[PDB]
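One chain is shown next in structure tokens, namely the form deposited in one PDB entry.
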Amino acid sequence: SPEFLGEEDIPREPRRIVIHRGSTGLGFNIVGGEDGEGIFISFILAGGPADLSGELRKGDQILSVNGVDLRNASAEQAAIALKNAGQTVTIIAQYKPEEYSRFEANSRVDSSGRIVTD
């Protein structure tokens, strides 16, 4: 009997993740930022710093960057904070796929809590 992770819930509590900046950037994209809706990871680049951490995913909201609260920041504000965060970037993230799925066209959350796009 194979034990798929797919049948396992993704943790919903906040987590602390440390990223080490490459010679290319932190390796993820963000969406959101309008009217305090929040900043969400929409894409993680294969092989990039966020990927290498192995602790971030599409659908994570970025709550803070190096202790600076980003929950109500604009995307531009978030981009600036992330750019200016130095070589070692400490992120507090929280998996919020339902909120995230609102932003991505034809996306939804399945019974396992995974984000699916049709």
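When you see a residue number, it is the position in the sequence shown, counting from 1. In this text, rigid core is short for the largest set of C-alphas that superpose within 1.5 Å between two forms.
The next section is about a form of this same protein that is not shown, the form deposited with a partner chain bound.
Engineer: According to a 4.5 angstroms non-hydrogen atom cut-off, is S42 in contact with the partner chain in the deposited complex?
Structural biologist: Contact with the partner chain, yes.
Engineer: Indicate whether the partner chain has at least one heavy atom within 4.5 Å of a heavy atom of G25 in the deposited complex.
Structural biologist: The answer is yes: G25 has a heavy atom within 4.5 Å of the partner chain.
Engineer: Does the partner chain come within 4.5 Å of any heavy atom of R71 in the deposited complex?
Structural biologist: Heavy-atom contact with the partner chain at 4.5 Å: absent for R71.
Engineer: Looking in the deposited complex, any heavy atom of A79 within 4.5 Å of the partner chain?
Structural biologist: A79: yes, in contact with the partner chain in the deposited complex.
Engineer: Only one of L63, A85, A75, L52 has a non-hydrogen atom within 4.5 angstroms of the partner chain in the deposited complex; which is it?
Structural biologist: Only one listed residue qualifies here, and that residue is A75.
Engineer: Taking the rigid core as the reference frame, is the Cα of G25 displaced by 2 Å or more between this form and the one not shown?
Structural biologist: No, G25 moves less than 2 Å.
Engineer: Once you account for a change of 3 Å or more, let me know if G27 and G22 sit closer or farther in the deposited complex, using their C-alpha atoms.
Structural biologist: Here the pair is closer than in the deposited complex; there, farther apart.
Engineer: A 3 angstroms or greater change in CA distance between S42 and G22 is reported in the deposited complex. Closer or farther than in this form?
Structural biologist: Compared with this form, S42 and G22 lie farther apart in the deposited complex.
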